[PDB]
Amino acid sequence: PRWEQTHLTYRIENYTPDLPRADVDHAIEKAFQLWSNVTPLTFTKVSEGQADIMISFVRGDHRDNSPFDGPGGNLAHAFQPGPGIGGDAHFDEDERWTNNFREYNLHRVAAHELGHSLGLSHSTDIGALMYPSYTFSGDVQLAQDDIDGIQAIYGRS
């Protein structure tokens, strides 16, 4: 599954009160930048309307078939490209979201969920952003496995 268009939009529907709004926007815009730096994709943030990728902070049963589970456990989930909810990213509001090394760094999680929004599955490489359990090294960057995977779907910049 992949997006047919290379110019996509996203919208942050709501925000967690754990961080100032600017920090949430920054964390999300930098996560998209990681993926657009190695592919021909471009991302535009819209303030209203329906976007290709809708991001929201929600808790427990939130109208999809994957209810959240409170603090810890699953931290966020996303949907592969497609119509409707395809591409959407949901972050569990019951977690403590940070901008530093304390669990759990929003930018680090957003980088992994947007990989799913673009069509990636999980990696078996512990240094990869797409590994299935959270890791935080201090500096969020794509690993070779991450680069290889997204360029296999959209080509290289």
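Note that residue numbering begins at 1 and tracks the sequence as displayed.
Between 6-14 and 137-145, the higher mean Cα B-factor belongs to 137-145. A summary of the deposited B-factors shows that, of 105-113 and 35-43, the stretch with the larger mean C-alpha value is 35-43. For the set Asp88, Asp125, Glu29, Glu95, the PDB entry assigns the largest Cα B-factor to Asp125. Compared with the other modelled residues of the chain, the Cα B-factor recorded for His62 ranks in the lowest third. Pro132: CA B factor lies in the lowest third for its chain, per the PDB record.
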